[PDB]
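Position 4 (the sequence shown) corresponds to 64 in PDB author numbering; numbering is contiguous.
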Amino acid sequence: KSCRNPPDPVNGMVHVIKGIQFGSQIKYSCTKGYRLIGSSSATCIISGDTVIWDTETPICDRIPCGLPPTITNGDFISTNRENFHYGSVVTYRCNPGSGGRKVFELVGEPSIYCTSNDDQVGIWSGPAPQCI
C-alpha cells in the first residue's frame, strides 16, 4: 500500500522521483542556512490501521545550531551562552590555569560561526577547535 504522498516545500519540486510506498523513501534537501528538523528521508510505514510516513517529512527550519560544540578547556565566549539560529558566532579561547600562566594552546581558528558546510546535517564552521 502506498503512502499519503510527500508534502511540498516552497521553491522545491518533489521529494521523490518515485517511491511513496512502504519500501520507498522521500529525500529532502534544504535552502542553505536551513536544516531538516526530523529526518531528511522518510520511509513509508503503517502506524497500525493505515500507511503513513515515519517522519511525516522534516520541515526546513533555520539551523538552530543549538548548544555550541563543547570545548576542551571550558565553554566559549559569546554574549549569549546558548545559541539561536544560523549566522551566529562564538569565540573559543584556551584559558590560563593558575592565573597569568598558560597551560593550553589553540588550533588556530578560535571563532566559529554557523555555516553548515560540514558532512553533518548542519553545524558551525567546523567542530569546536581544541586546545592543541
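Where is the CB? At the ideal position from N, CA and C, for every residue including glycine.
Whose C-alpha, out of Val70, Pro69, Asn65 and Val150, is nearest the C-alpha of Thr103? Nearest option by C-alpha distance: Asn65.
Would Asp178 and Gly186 qualify as a contact pair, given that the criterion is a beta-carbon distance under 9 angstroms? The answer is yes: Cβ separation under 9 angstroms.
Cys174 - DSSP class collapsed to helix/strand/coil: In the structure shown, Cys174 sits in a strand (DSSP, three-state: E or B).
Per the contact definition of three or more C-beta pairs closer than 8 angstroms, is the stretch 79 to 95 in contact with the stretch 113 to 128? Contact between the stretch 113 to 128 and the stretch 79 to 95 is present, because at least three Cβ pairs lie under 8 angstroms.
Scan the stretch 136 to 183 and note each continuous beta strand (DSSP E) run of 3 residues or more that stays entirely inside, going in chain order. Fully contained in the stretch 136 to 183 are the following beta strand (DSSP E) runs of length 3 or more, in chain order: 149 to 151 and 171 to 173.
Counting C-beta neighbours from all protein chains within 10 Å, is the total for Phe136 16 or more, i.e. buried, or is it exposed? Under a 10 Å Cβ-count criterion, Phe136 is classified as buried, with 16 or more other Cβ atoms of the shown protein chains found around its own Cβ.
Let's see if you can read the secondary structure: which residues bound the beta strand (DSSP E) around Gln85? Its beta strand (DSSP E) spans residues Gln85 to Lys87.
When the Cα of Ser62 is compared with those of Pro170, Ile77 and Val111, which residue comes out closest? Put simply, of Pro170, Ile77 and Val111 the residue whose alpha carbon is nearest the alpha carbon of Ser62 is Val111.
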